[PDB]
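Asks: these chains are from a complex, not moved at all, and more is on the way:
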Amino acid sequence: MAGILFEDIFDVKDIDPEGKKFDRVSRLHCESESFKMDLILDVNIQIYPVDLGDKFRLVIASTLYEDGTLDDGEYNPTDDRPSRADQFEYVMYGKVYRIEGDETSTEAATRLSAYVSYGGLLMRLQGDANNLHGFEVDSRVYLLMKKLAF
Amino acid sequence: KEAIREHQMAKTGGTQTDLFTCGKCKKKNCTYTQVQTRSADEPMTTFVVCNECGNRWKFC
Amino acid sequence: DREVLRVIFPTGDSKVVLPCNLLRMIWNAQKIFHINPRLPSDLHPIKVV
């Protein structure tokens, strides 16, 4: 029942990816309110006009119709199930493409890092154990954000 | 003895560009080529060769 | 083999054209078998030998 993969409220560190940026897409840099975990993500600024230092709510779910399987692709527009993390302002579908860590130090694996891709859109999440339950997988995760310009 | 010693010094040429790094020796001791004015379907490329440790690669 | 190989290539270039790119083949097995660095690597080394 709605076994959410991740949920947190994030703060914008930067909206200017190394200055040069791009036109329809821009890379945001964020950090979690725990201030122990940080995030960088490519976004469509045209459909979601971000401001710097903004307070965002971020949620991640590998599934919708609750917890049951759906990793298919009949973009069934006609679904009517309220099992939709839809009330959030911004949603994306993607894969995890890379995982970082460091287990050579002995058990370590200290400061685990996850990298994620939503249709090519790169993402980086850093954290000791926040990603201890996740790993790199084919496209399945849904990323939902709200609280824009709170 | 100096002047006859000087007669080897440079030899007769020079080049070097020192722009591209070489992953075999970190030093940018590289040479560059301007070739393929027209050629066939292959795109005109700039070829870079590292003198030391012999490395050659392309702009592409 | 490593000791022999120094004789064969005085140029020290290890990049040669050869048949069957095992790396791509081995990699494909990983893409197929779904092996990952956060999964155990159960192996019998003699079988490899």
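Replies: Received it, and whenever you're ready, just let me know what you need. Numbering: from 1, shown residues only, chains lettered A, B, ... in the order given.
Asks: So the residue in chain A positioned nearest to chain B: helix, strand or coil?
Replies: The minimum distance from chain A to chain B, using Cβ to the nearest Cβ, falls at residue A:18 (20.3 Å). (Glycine included, C-beta is placed from N, CA and C.) Under DSSP: H, G, I helix; E, B strand; the rest coil, the three-state class of residue A:18 is coil.
Asks: same check, this time on the one 4 residues further on
Replies: For residue A:22, the assignment made with three-state DSSP gives coil.
Asks: Settle this for me: residue A:42 is touching residue A:122, isn't it.
Replies: Yes. Judged on Cβ atoms under 8 Å, residue A:42 makes contact with residue A:122 at a distance of 5.4 Å.
Asks: With neighbour numbers in mind, choose between those two.
Replies: For residue A:42 and residue A:122, the more surrounded residue by other Cβ atoms under 10 Å in any protein chain shown is residue A:42, and the numbers stand at 18 against 15.
Asks: what's that one sitting at in phi/psi?
Replies: Geometry field for residue A:42 lists phi and psi as phi -90, psi 130, criterion degrees, to the nearest 10.
Asks: For the nearest residue to it once chain neighbours are set aside, give me its contacts.
Replies: Beyond its immediate neighbours in the sequence, the residue positioned closest to residue A:42 (Cβ to Cβ, 6 or more residues apart in numbering or on different chains) is residue A:121, lying 4.3 Å away. Under the criterion of Cβ atoms under 8 Å, 6 or more residues apart in numbering or on different chains, the neighbours of residue A:121 are A:25, A:41, A:42, A:43, A:92, A:94.
Asks: What separation is there between residue A:121 and residue A:95?
Replies: Here the distance between residue A:121 and residue A:95 works out to 10 Å (Cβ to Cβ, to the nearest Å).
Asks: gap between the two ends of stretch A:42-55?
Replies: Between the opening and closing residues of stretch A:42-55 we find a distance of 17 Å, counting by Cα to Cα, to the nearest Å.
Asks: Please state the offset of stretch B:19-31 from the chain centre?
Replies: Between the centre of stretch B:19-31 and the centre of its chain there are 10 Å (Cα atoms, centre = their mean, to the nearest Å).
Asks: again but with stretch C:41-49, I slipped
Replies: Relative to its chain's centre, stretch C:41-49 lies at 14 Å (Cα atoms, centre = their mean).
Asks: again with stretch A:143-150
Replies: Taking the mean of its C-alpha atoms, stretch A:143-150 sits 11 Å from the chain's own mean (Cα atoms, centre = their mean).
Asks: buried sites along that stretch?
Replies: For stretch A:143-150, the neighbour count (16 or more other Cβ atoms under 10 Å in any protein chain shown) marks A:143, A:144, A:145, A:146 as buried.
Asks: Surely the first one forms part of a strand?
Replies: To tie it back to what came earlier, the one meant is residue A:143. Yes. Assessed with three-state DSSP, residue A:143 lies in a strand.
Asks: How about it, nearest residue that isn't a chain neighbour?
Replies: Counting by Cβ to Cβ, 6+ apart, residue A:92 is the residue found nearest to residue A:143 once chain neighbours are left out, at 4.5 Å.
Asks: what do you get for the second one?
Replies: For residue A:144, the nearest residue in space outside its immediate sequence neighbours is residue A:88; the separation is 3.8 Å by Cβ to Cβ, 6+ apart.
Asks: next one is chain D, place it on the structure:
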Amino acid sequence: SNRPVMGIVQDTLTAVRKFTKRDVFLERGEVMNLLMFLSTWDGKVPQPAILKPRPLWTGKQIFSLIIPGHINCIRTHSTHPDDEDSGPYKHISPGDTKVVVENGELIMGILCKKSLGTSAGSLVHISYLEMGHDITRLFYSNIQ
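Replies: So, slotting chain D in with the rest:
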């Protein structure tokens, strides 16, 4: 010279570069339009790359549709972008300047010819090996 002889060129090569751009976005209507152009297709519509504020597909998603679904080519973006040898390593925002495809799905990377063919490390050579000439010819005709 143990290399491929085929090569997609000019207009086709330029639009492919254009197509790999990050700013590429598609509409559902055009996706159906694009799907019919396909010389072959599973008959099963793919999931939108974006759902909110509005449903969308990416050109990289769609290029990856063209790609056969169990083969990958890596390491050679071969474009000027990013930097020569250590800048792109400069953290690993692996970025759009380097090419990478997984399970027939393009992760990032603006395309080049060294990728596209008549060279070592090309997608064309490995498809020929795995998919064979017959599958590769139909893919090639289809992409063009």
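Asks: how far away is the closest residue to residue D:38 other than its chain neighbours from chain C?
Replies: Excluding its sequence neighbours, the residue lying closest to residue D:38 (Cβ to Cβ, 6+ apart) is residue D:142, at 6.0 Å. For residue D:142, the distance to chain C (Cβ to the nearest Cβ, to the nearest Å) stands at 23 Å.
Asks: got it, and residue D:48?
Replies: Residue D:48 is 25 Å from chain C, where distance means Cβ to the nearest Cβ.
Asks: can you tell me which residues contact the residue nearest to residue D:38?
Replies: With contacts defined as Cβ under 8 Å, 6+ apart, residue D:142 is in contact with D:38, D:39, D:40, D:66.
Asks: for the host helix or strand of it, the distance to its chain's centre please.
Replies: Residue D:142 is located in helix D:132-143, with elements delineated by DSSP states H and E. The chain centroid and the centroid of helix D:132-143 are separated by 14 Å under Cα atoms, centre = their mean.
Asks: Buried residues of that helix, list them for me.
Replies: D:136, D:139, D:140.
Asks: How about the contacts made by residue 92?
Replies: Going with chain A. Counted by Cβ under 8 Å, 6+ apart, residue A:92 has contacts A:118, A:119, A:121, A:142, A:143, A:144, D:49, D:50, D:51, D:52.
Asks: look at chain D instead
Replies: If a contact means Cβ under 8 Å, 6+ apart, then residue D:92 has residue A:115 as its contacts.
Asks: If we use 10 Å, what do you get?
Replies: Counting by Cβ atoms under 10 Å, 6 or more residues apart in numbering or on different chains, residue D:92 makes contact with A:98, A:100, A:113, A:115, A:122, A:124, D:98.
Asks: That one falls within a strand, correct?
Replies: No. Following the definition three-state DSSP, residue D:92 is coil and is not counted among the residues of a strand.
Asks: Now tell me what touches the longest helix seen in chain C from outside.
Replies: Under DSSP state H, the helix in chain C containing the largest number of residues is helix C:22-33. The set of residues external to helix C:22-33 that reach it, using Cβ under 10 Å, 6+ apart, is C:21, C:35-36, D:70-74, D:102-104, D:126, D:129-130.
Asks: Residue D:7: neighbouring residues, count only.
Replies: The criterion is other Cβ under 10 Å. On that basis, residue D:7 has 18 neighbouring residues.
Asks: if we can go back for a sec, for the longest helix of chain C, list the C-alpha coordinates in CSV.
Replies: What follows is helix C:22-33 as a C-alpha-only set of coordinates in CSV (Å, rounded to 0.1, in the frame of the first residue of the first chain):
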residue,chain,number,x,y,z
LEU,C,22,35.6,-10.6,-24.2
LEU,C,23,35.1,-7.4,-22.2
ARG,C,24,32.0,-6.5,-24.2
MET,C,25,30.9,-10.2,-24.0
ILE,C,26,31.6,-10.4,-20.3
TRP,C,27,29.8,-7.1,-19.9
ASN,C,28,26.8,-8.3,-21.8
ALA,C,29,26.6,-11.3,-19.4
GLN,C,30,26.4,-8.7,-16.6
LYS,C,31,23.8,-6.8,-18.5
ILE,C,32,22.0,-10.1,-19.0
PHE,C,33,22.6,-11.9,-15.7
